[PDB]
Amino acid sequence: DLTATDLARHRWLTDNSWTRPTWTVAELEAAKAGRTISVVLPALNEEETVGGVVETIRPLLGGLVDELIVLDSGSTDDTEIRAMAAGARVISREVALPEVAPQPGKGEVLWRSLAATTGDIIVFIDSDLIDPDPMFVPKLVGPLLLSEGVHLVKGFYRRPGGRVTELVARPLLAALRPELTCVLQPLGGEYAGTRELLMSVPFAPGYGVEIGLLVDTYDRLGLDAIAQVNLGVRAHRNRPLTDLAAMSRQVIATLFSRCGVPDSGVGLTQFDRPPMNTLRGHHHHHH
């Protein structure tokens, strides 16, 4: 028979998941009701793709999107200048948050972007995407603008790969936070959140940032606050095993830190930042 996890998943998909997120740009603009939207592309040495991503979002600038920022992590290729020519605002880690010395990794960049942006909604899109589609941002913000109670929207892709998601993230969530196995692509880099949520949670480092935000949101607000939207068909990216293993190790560390499991700190053997509201700027368990 069905489990409690199964029952919650079914209703969560009915209410909080969209296979055909077909909202129009015009109706989303009309729903902003004074809220502003910032889009952030984290980038480190992505010169071949960053401009193409920027180009797909730029038409929304001045309408649905209020600012389009590439948060550069110290590139030595032409990432920054290509982002400039394509129509983005390039901001370094140091300019984003001068009072804290940087540390490496993607999570650092996204955390710092909270200090560099002003939008009431912040959208994150990876800068390494080969086939970005112009409707990514509209689809990601739809549930935030139209659906009461949603604070985090995860963009997923249909497939015409995924090993860390299916062997590491989903099985560990099944063990530790089984309701969250409803989220198809928990490690995805395309997602949007409210400023109120994002300023209030710690940010995990590196490859842990996405799953850390998902779990921290769940632990504070449950499934009701999380939604997902289909961004379209995309083939899996083929990363080398050493990168996948490093990803996995950090996904493990970040899940363990949120779920009461200690961790040796020992990285792979080969052969967090505090809430930004501590620096800038209810879901009761009792009755």
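All residue numbers are counted from 1 along the displayed sequence. Heads up, when I say rigid core I mean the largest set of C-alphas that superpose within 1.5 Å between the two forms.
Take 37-45 and 258-266, fit the other structures onto the shown form by the rigid core, and average the C-alpha distances in 8 other deposited structures of this protein: the farther stretch is 258-266.
Unmodelled residues of the deposited sequence between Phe271 and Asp272: 10 or more.
In the deposited sequence, the stretch from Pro160 to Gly161 hides 10 or more residues that have no coordinates. Stretches compared: 236-244, 47-55. Higher mean C-alpha B-factor in the entry: 236-244. The mean Cα B-factor in the deposited entry runs higher for 198-206 than for the other of 170-178 and 198-206. Out of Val229, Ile37, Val251, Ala33, it is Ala33 whose C-alpha atom has the highest B-factor in the PDB entry.
The maximum CA B-factor among the listed residues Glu190, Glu108, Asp120, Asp131, taken from the PDB record, is found at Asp131.
The deposited CA B-factor of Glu99 belongs to the highest third of values across its chain. Remark: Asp216 belongs to the lowest third of its chain, ranked by C-alpha B-factor as recorded. In this PDB entry, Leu71 carries a Cα temperature factor that places it within the lowest third of its chain's modelled residues. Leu146 sits in the highest third of its chain by CA B factor, as recorded in the PDB entry. In the PDB entry, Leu64 places in the middle third of its chain by CA B-factor.
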